[PDB]
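K.L.:
As they sit in the full assembly, here are the leading chains:
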Amino acid sequence: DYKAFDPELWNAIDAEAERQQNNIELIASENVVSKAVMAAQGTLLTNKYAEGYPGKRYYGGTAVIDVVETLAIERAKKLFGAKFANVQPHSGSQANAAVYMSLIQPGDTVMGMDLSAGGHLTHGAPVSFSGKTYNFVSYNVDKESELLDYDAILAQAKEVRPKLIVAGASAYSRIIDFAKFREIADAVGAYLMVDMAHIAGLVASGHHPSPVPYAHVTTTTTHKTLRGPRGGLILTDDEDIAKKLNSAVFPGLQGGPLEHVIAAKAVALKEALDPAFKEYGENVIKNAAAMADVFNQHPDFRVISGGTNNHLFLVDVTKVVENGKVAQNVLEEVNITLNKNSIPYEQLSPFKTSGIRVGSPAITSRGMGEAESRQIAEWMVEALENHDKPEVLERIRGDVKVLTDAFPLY
């Protein structure tokens, strides 16, 4: 019994397990992983150094690690239909760094989605290595439709002449057209990288068309909709690019991979390969549309782009509260966790924002369905509308507890 040695730490772990059980987790980038995923991360694979790749390592006694890493790779290939995979990146951010390193040079120009419009930090923020090393020039969404305008993006690319175009987002609710992004890249001789971190589980379930046949390289996190452990993954169909990607991950950016986490990737990928995973995908789509629909009908709330065809959506809350930060703090008091989030053409400070981002994967992984989704959104509307009324929130909190007990986390 090692927990008696460190009660401060293990009490804190217990408190987080209860926090998670008693919350409605709507943070769009989160999920609830299986016990098998957790168990694999909890193995003595953490003891093993394995610099290199399967069969070409720098240390003895890696033949079993090699089987494990090869399972992950072969499963990623099979699930996503790619000819090559690298399962070593420690995160989505490292995965993306490796692609840039493989395809372009410092100072080269890159187009990626504007951060207010849902692009990631590693898609060119000035405070990220991405913006510091490469010349990123952002494309945006249409100001009226809040949709990607492929003609506008094509004309911009024709002016900019990037070496690389990055597609993918952290907060865009609509289907991204990867065929068009590749047309656009081809029109200027650019590579196309798709960062499908947020939608990888939908791509896997068949609810979002795949970037894989269109992107020269596809990156993703394994956590998020794919419902795996925290880490990165890189896919391509080009063998020469694959070799570069491999050198870039190691020795380029990383040292020894986290082979216990890689085992957990293999676990998650086999889960996503199972027919049940499609049904999970299907519910993710439905649950998010149901919550979105509630806000759509309510007159003091607008939903960015008018709705969603994926797992997430953004809501402008400024009619009802001052900003997204506030909205987040309030929903938190009724045990509903999400995050504030800039909306396209955000007017307010980055640290306030005008919006909230909502996602369905975690509640869907707990077994909730359309009715519960709808109710959760009613509750959010209701709490925001009564934010100054402690008696209302206290009641909403009570009702939330009935729902969380009914769909227990583990």
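P.N.:
Structure's in. What do you need? Numbers count the residues shown, from 1 in each chain, chains lettered A, B, ... in the order given.
K.L.:
Tell me the helices and strands packed up against the longest helix along chain A.
P.N.:
Criterion DSSP state H: the longest helix present in chain A is helix A:276-297. Helices and strands touching helix A:276-297, as assessed by 3 or more CB pairs under 8 Å, 6 or more residues apart in numbering; DSSP states H and E, comprise helix A:200-205, strand A:302-303, strand A:312-316, strand A:355-359, helix A:361-365, helix A:370-385. All C-beta atoms are positioned from the backbone trio N, CA, C, and that covers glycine.
K.L.:
Between strand A:312-316 and that helix, find me the angle.
P.N.:
An angle of 10 degrees separates the directions of helix A:276-297 and strand A:312-316 when computed by axes from the mean of the first three to the mean of the last three CA atoms, to 10 degrees.
K.L.:
Return the set of buried residues in helix A:276-297.
P.N.:
Residues of helix A:276-297 classed as buried under the neighbour-count rule (16 or more other CB atoms under 10 Å) are A:277, A:280-281, A:283-296.
K.L.:
between that helix and strand A:355-359, how big is the angle?
P.N.:
Helix A:276-297 and strand A:355-359 meet at an angle of 150 degrees, taking the same axes, to 10 degrees as the criterion.
K.L.:
Could the C-alpha coordinates of helix A:276-297 be exported in CSV?
P.N.:
Taking Å, rounded to 0.1, in the frame of the first residue of the first chain, the C-alpha atoms of helix A:276-297 are listed here in CSV:
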residue,chain,number,x,y,z
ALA,A,276,-19.1,0.2,-31.9
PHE,A,277,-16.9,3.2,-32.6
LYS,A,278,-19.1,4.3,-35.4
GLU,A,279,-22.0,4.4,-33.1
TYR,A,280,-20.1,6.5,-30.7
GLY,A,281,-19.3,8.8,-33.7
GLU,A,282,-22.9,9.0,-34.6
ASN,A,283,-23.9,10.0,-31.1
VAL,A,284,-21.2,12.6,-30.8
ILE,A,285,-22.7,14.4,-33.9
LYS,A,286,-26.2,14.2,-32.6
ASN,A,287,-25.5,15.3,-29.1
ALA,A,288,-23.6,18.3,-30.3
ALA,A,289,-26.4,19.3,-32.7
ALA,A,290,-28.9,18.9,-29.9
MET,A,291,-27.0,21.2,-27.6
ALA,A,292,-26.4,23.6,-30.4
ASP,A,293,-30.1,23.6,-31.4
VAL,A,294,-31.1,24.9,-27.9
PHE,A,295,-28.9,27.9,-28.3
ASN,A,296,-29.9,28.5,-31.8
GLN,A,297,-33.6,28.9,-30.8
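K.L.:
Here is chain B, add it in:
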Amino acid sequence: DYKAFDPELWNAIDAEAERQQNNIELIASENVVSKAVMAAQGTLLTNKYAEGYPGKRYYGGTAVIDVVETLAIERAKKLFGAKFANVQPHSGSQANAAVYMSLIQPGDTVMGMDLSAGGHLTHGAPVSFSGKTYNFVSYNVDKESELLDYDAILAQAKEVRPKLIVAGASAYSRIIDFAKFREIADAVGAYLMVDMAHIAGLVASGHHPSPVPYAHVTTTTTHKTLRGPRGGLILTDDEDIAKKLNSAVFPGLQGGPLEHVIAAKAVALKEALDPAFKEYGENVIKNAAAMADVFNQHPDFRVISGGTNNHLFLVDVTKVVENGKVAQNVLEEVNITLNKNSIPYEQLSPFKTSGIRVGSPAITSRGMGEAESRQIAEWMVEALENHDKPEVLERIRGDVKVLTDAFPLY
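P.N.:
Adding chain B to what we have so far:
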């Protein structure tokens, strides 16, 4: 249960556990972590996004995570006597990247230990981001003594004018004079960074002098001698540098931290604060020295620098077998796993090398003492001397099993 859903994966996991049990692991960068460390990283903390730092995160639902991360931070500070710590780096390599990003600019000149004399890839190898982004100039050890020669290093630094000197190694066996390194740095107006990855547990146990009072910034892995989960850690006593390092880790290089690994870091740091860790360290030192003495006394092997004052040593094997790769493969035949390794002024190919590197931490963590260590080294000598006598190898392999049976891994 979940193992039945995925037998190919769980069969491999179970096989690695057994392989670790049935091999004598002398790889100097490995250790055997506690069940607690592994359990921490097998928790549902993996489901939480926690970009930012305690109390200044970009998501709600982070109050307990803050408790965990803060425990990790305060325990690092305490254990190493530092005023600031950052526990988010995913790896040692990422820790190092962050520090360069914080202290210097692309193209700046940096001095780093030579890869053949024990410097790490991230200390300036042309295949690493380190050598690609910065102008690294290497220093070596003295050709005759195989020791750091602080006068030569100073003369070189005066010629080269680095903005940063990096100290620390993957394969140096003697005590490093950090006060001397800082004196050199101060003399040329350079920063000093110390990468204490290999030695951090010995710094913690009291058996290696701390670089913390002398380096502007100290990096380390939490795995290796410290006996923690895989990951990185950064320390400094300078508040302005600490702000830079934090911004460099996130949003500079990483995104979301691995909070389950961070819990595991907290676990390991408390283990290392326990008085028993001092005894572990002492055994690490005695066991490595007992192994080295066998090779010192044998006339056909030479230990680099004539011995060790830490957890590791290198042996020139070229009088008995052709190169280090051969020696590595021979030992593997008798279930002793190590790695071939360049020696200082290496004349053979990097793929072959003249050396093997041996370390004590793993066997020490299984509870082996001096007599077992000495016996292990005798078997290594005997295996290499009889590498073409299958019958001898077979007998050694059988003796090894008796020993491993007697010191169960967990």
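K.L.:
any idea how far the longest helix of chain A is from the chain center?
P.N.:
Centre-to-centre, helix A:276-297 and its host chain are 16 Å apart (CA atoms, centre = their mean, to the nearest Å).
K.L.:
That helix near chain B anywhere?
P.N.:
No: contact check for helix A:276-297 against chain B, using CB under 8 Å from any CB of the partner chain: none in range, with a minimum separation of 10.8 Å.
K.L.:
got it, and stretch A:161-176?
P.N.:
No: using CB under 8 Å from any CB, stretch A:161-176 never reaches chain B; the gap is at least 10.0 Å.
K.L.:
Pull out the buried residues from that stretch.
P.N.:
Residues of stretch A:161-176 classed as buried by neighbour count (16 or more other CB atoms under 10 Å in any protein chain shown): A:162-176.
K.L.:
distance between the ends of that stretch?
P.N.:
The separation between the terminal residues of stretch A:161-176, taken as CA to CA, to the nearest Å, is 21 Å.
K.L.:
quick revisit: of all the buried residues of stretch A:161-176, which two lie farthest apart?
P.N.:
The most widely separated members of these are A:163 and A:173, with 29.1 Å between them, by CB to CB.
K.L.:
which parts of the stretch 151-300 of chain A sit against chain B?
P.N.:
Taking CB under 8 Å from any CB as the contact definition, the stretch 151-300 of chain A meets chain B at A:223, A:229-230, A:247, A:251-256, A:258, A:260, A:263, A:266-267, A:270.
K.L.:
where along the stretch 201-350 of chain A do the strands fall?
P.N.:
Read by DSSP state E, counting those that start in this stretch, the stretch 201-350 of chain A holds these strands, from start to end of the chain: A:217-221, A:232-236, A:302-303, A:312-316, A:336-337, A:339-341.
K.L.:
Kindly reformat those strands as TSV and extend each row with distance to residue B:404.
P.N.:
Conversion of these to TSV gives the following (distance: least, CB to CB, whole Å):
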stretch	distance to residue B:404
strand A:217-221	39
strand A:232-236	36
strand A:302-303	62
strand A:312-316	51
strand A:336-337	48
strand A:339-341	50
